[PDB]
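First up is the structure itself, then whatever we jot down about it.
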Amino acid sequence: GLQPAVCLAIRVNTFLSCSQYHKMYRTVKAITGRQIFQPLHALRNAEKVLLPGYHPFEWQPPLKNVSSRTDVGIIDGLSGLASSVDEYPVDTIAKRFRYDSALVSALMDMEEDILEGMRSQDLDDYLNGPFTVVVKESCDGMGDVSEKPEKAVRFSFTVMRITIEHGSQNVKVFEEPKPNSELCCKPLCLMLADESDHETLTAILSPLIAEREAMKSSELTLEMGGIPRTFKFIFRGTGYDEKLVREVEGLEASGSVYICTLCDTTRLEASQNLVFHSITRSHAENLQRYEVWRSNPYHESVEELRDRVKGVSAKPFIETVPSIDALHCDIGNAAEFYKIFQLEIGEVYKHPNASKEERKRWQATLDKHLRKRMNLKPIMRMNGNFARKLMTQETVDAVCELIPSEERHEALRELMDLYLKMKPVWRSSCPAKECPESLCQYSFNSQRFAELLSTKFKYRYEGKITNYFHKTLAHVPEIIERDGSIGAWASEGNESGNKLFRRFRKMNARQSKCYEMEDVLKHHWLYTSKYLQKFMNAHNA
Amino acid sequence: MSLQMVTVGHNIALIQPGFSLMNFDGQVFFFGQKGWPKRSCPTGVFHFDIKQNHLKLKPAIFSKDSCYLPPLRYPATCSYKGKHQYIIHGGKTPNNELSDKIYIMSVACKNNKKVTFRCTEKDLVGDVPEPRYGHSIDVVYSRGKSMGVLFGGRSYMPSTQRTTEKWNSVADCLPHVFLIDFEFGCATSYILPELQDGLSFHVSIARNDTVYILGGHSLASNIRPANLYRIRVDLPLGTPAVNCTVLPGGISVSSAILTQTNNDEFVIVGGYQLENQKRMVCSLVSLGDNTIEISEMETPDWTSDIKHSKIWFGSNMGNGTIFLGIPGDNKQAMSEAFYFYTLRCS
DNA sequence: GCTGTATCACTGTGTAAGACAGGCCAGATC
DNA sequence: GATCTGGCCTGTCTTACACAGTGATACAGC
Ligand SMILES: [Ca+2]
Ligand SMILES: [Ca+2]
Ligand SMILES: [Zn+2]
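Quick mapping for you: the protein sequence lines, in order, are chains A and B.
Just so you know, the first sequence maps onto residues 461 to 608, 616 to 1008 in the authors' numbering.
Just so you know, the second sequence maps onto residues 1 to 82, 88 to 351 in the authors' numbering.
Below you can see the structure in the form of structure tokens.
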């Protein structure tokens, strides 16, 4: 016979129904006599341990503006917003937990892992020290999810580093093996709304921001392995693409003259001063600079006001860390040098102002030629597989064999090896130790790229430049000094999680458009527990 | 009884329910866009003109000295025609905070019909109200002097009962009356005995020394009563005085739309009778120096969508002209965000 | 010989909004 | 009657948006 927990990990981790499992159970029990799979209600009672809302816990002090109950389940996402005919119209459905009650189950599911970490790091298993938990938040619109459009946004988090302050220093009691994968970012709220429908987006995400600002100055006491233990938290909201950090932190839209969400520069100025910047955009500076926008205390006109406020025009309402995404940086660089391949087919340094017909021919011969050489699939939107496959030396040497002139051969090969020399020190999840020498050589490695853009490629990069290339040069040797890692602080897990939403949506629903957003949340919670993923490595352990 | 269908410019997307339409000098201006102000129209307030049922939301700019203000989504506006200007207070910002500032909105310049606005953040000092929306404010006169009378709408829960499962829950404000002087911006609250219930989305008429309030929803009882209230106000050189009276024969409609089609004769159009029954009829309120009354007009004709949609919204353009909006059915040939109509009553 | 992973060849388009620069043009202006 | 500017329109340029997943087959251990 089996535990209820193993067959729970089965029925979740291979997407059976609420009824197909009954067929499998009744056939196995009818054939082999003994029951091997636990029945349905005995599975359902074993769900409730793993959901949020089962265990006692308390805060020091009790939290301001938070209800103190411990027996909350899934709560409605509107936070009791009245949806009446007399007032503003809302039509979105959103579901969520609380934020404390999710962190409770997120810490208590990794109980064996932090205890075994305490064992392996030579410390008392009967310890009750003040742990610090580092939580990374993520949020993305994952729209066009309908069936025979409609958009949806999940806001989600990730337990990433649990660290005690023992004696004179700290120890990594728990560290996450694979940070940016799909099975270790846990769903916290989900909504059916546009990711730029700013009213409803703010109206749902403001409770979680309130609770997050609440639990930044308290402690959690929790019965953890016999004795109780205490946790304090540190939040870093990082899982955002350029659009969402550009929006909810309240800058201008993405086509602004002011580019960087970390420093303050213009593209007519960034294209000359390439690497002398720093991080000069906080969240509090952003908030008070919105205030000095709104007051206009000097009475200057709009065009130099926006010069003084450096292109802030809105009230930010979500504290983010100013930090790059890892995935979308690589996708942007990939599509950029794919377009520069398409342009250098035409060799337009010889003749400028080419027609808007021959460029389509350059695209067509690029796609046909790279399908001939390396078998790239003719697509439009660059996915992750296409992004990984385009940045090889074989393809640039192939199109180098396509292009006529000789200086373009050195100009593309040297650039490709410089870029691949730059790539893994942001691509890695711990590049401070894995390639720790080119990490130190990165300054020269970057300014050579910069000088050969500004000299041998000055036909295009004398005026405008794009966004992500400014982030690659200007910031990442300082981001490794501040935060350390790069690729761990990405949204790749959150970006990968979206297929699970669709599969859960068309395989587990009750067709009411209100419980339909309950059960996808419940199943996605039951997916990403580490108490059940420990069972799916039993054939590896 | 003159319905007319309107077509739209290139950016229909700057519409949203609960906007604000300001009438300056015959010109019409739009304030309260959807979302934060874009880069093509940085003030978020527009010269809104309509030629041959086609409208051109052109951007409007501000003065040297103005204070750029966020697009409120249900504010309280009134007409300080004493230069000509408007007063904005309250509303709900894009981040669903509730503002409580005073915004003095006037014309700074107009050269070759290119308008130039100036708004100033008049701050309230003294017995301020809580920040709220769905409230109303009228300007009023007595004995060479003038004041602002403010009656409340609804707001959030207070700062102690804000739990994060009721974080966007709302309750009616206290039935107080707020007297405001704008020479210093001083605020005096007043408790008044004949008003018992909180009211929201009501209609306020200022007959030059007396404000009549008709309609509006009471959320805590979850009904829309048919009670109108006449409020007499007078200021001596010492402390001013207020008075309330209940005059029977009102109408039970929340969030109707008012305009002035005649002097001492106003006109309200269709709102909501019940939560499922909208107000289909439309009324001409014949005012008076002391005695006012309310009669019906000759039932303006609608179309299929207006008789078919669940909701409507809109405001008045100022010159006897009502602007209305309609959601439109989504399960269609990718139908537009909103449809638009103009009502004219001659 | 048996089994447990690792490929493997398939599949699918160009949108959706939004900022910034010139080109033109058309009535306003001197 | 010349001569101007802002108004509108293109018109490119920036960020996002679907490729993961299924039978068949092939190799590496065991
Ligand atoms: Ca995104
Ligand atoms: Ca995405
Ligand atoms: Zn920068």
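Cβ atoms here follow ideal geometry from the backbone N, Cα and C, with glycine treated the same way.
Could one say the Cβ of residue i lies closer than 8 Å to chain B's Cβ atoms, at least one of them?
i	result
residue 775 of chain A	no
residue 555 of chain A	no
residue 549 of chain A	yes
residue 669 of chain A	yes
residue 535 of chain A	yes
residue 753 of chain A	no
residue 934 of chain A	no
residue 673 of chain A	yes
residue 834 of chain A	no
residue 558 of chain A	yes
residue 562 of chain A	no
residue 1059 of chain A	An answer regarding residue 1059 of chain A cannot be provided, because it is not within the stretch 461 to 1008 covered by chain A.
According to DSSP, simplified to helix, strand and coil, what is residue i?
i	result
residue 935 of chain A	helix
residue 592 of chain A	strand
residue 923 of chain A	helix
residue 990 of chain A	helix
residue 126 of chain B	strand
residue 781 of chain A	coil
residue 27 of chain B	strand
residue 585 of chain A	coil
residue 119 of chain B	strand
residue 307 of chain B	coil
residue 813 of chain A	helix
residue 501 of chain A	helix
residue 38 of chain B	coil
Given a cut-off of 8 Å on the beta-carbon distance, is the pair residue i and residue j in contact?
i	j	result
residue 304 of chain B	residue 286 of chain B	yes
residue 181 of chain B	residue 161 of chain B	no
residue 290 of chain B	residue 272 of chain B	yes
residue 134 of chain B	residue 183 of chain B	yes
residue 776 of chain A	residue 748 of chain A	no
residue 31 of chain B	residue 769 of chain A	no
residue 71 of chain B	residue 330 of chain B	no
residue 599 of chain A	residue 711 of chain A	yes
residue 620 of chain A	residue 701 of chain A	no
residue 66 of chain B	residue 124 of chain B	yes
residue 916 of chain A	residue 882 of chain A	yes
residue 238 of chain B	residue 145 of chain B	yes
residue 787 of chain A	residue 744 of chain A	no
residue 597 of chain A	residue 704 of chain A	yes
residue 558 of chain A	residue 719 of chain A	no
residue 651 of chain A	residue 643 of chain A	yes
residue 203 of chain B	residue 179 of chain B	yes
residue 240 of chain B	residue 147 of chain B	yes
Are the C-beta of residue i and some C-beta of chain A separated by less than 8 Å?
i	result
residue 86 of chain B	One cannot assign coordinates to residue 86 of chain B, given that chain B in this structure leaps from 82 to 88.
residue 294 of chain B	no
residue 275 of chain B	no
residue 169 of chain B	yes
residue 65 of chain B	yes
Rounded to a whole number of angstroms, what is the C-alpha to C-alpha distance between residue i and residue j?
i	j	result
residue 347 of chain B	residue 2 of chain B	8 Å
residue 6 of chain B	residue 50 of chain B	9 Å
residue 142 of chain B	residue 323 of chain B	17 Å
residue 230 of chain B	residue 219 of chain B	9 Å
residue 609 of chain A	residue 809 of chain A	For residue 609 of chain A, nothing is modelled; it lies in the interval where chain A passes from 608 to 616 with no residues in between.
residue 545 of chain A	residue 579 of chain A	60 Å
residue 817 of chain A	residue 552 of chain A	55 Å
residue 656 of chain A	residue 510 of chain A	17 Å
residue 695 of chain A	residue 688 of chain A	6 Å
residue 857 of chain A	residue 673 of chain A	41 Å
residue 759 of chain A	residue 153 of chain B	29 Å
residue 923 of chain A	residue 963 of chain A	38 Å
residue 311 of chain B	residue 317 of chain B	8 Å
Kindly provide the chain-ordered list of residues whose Cβ lies closer than 5 Å to any non-hydrogen atom of ligand 2.
-> Counting every residue whose Cβ lies closer than 5 Å to a heavy atom of ligand 2, we get A/600 and A/962.
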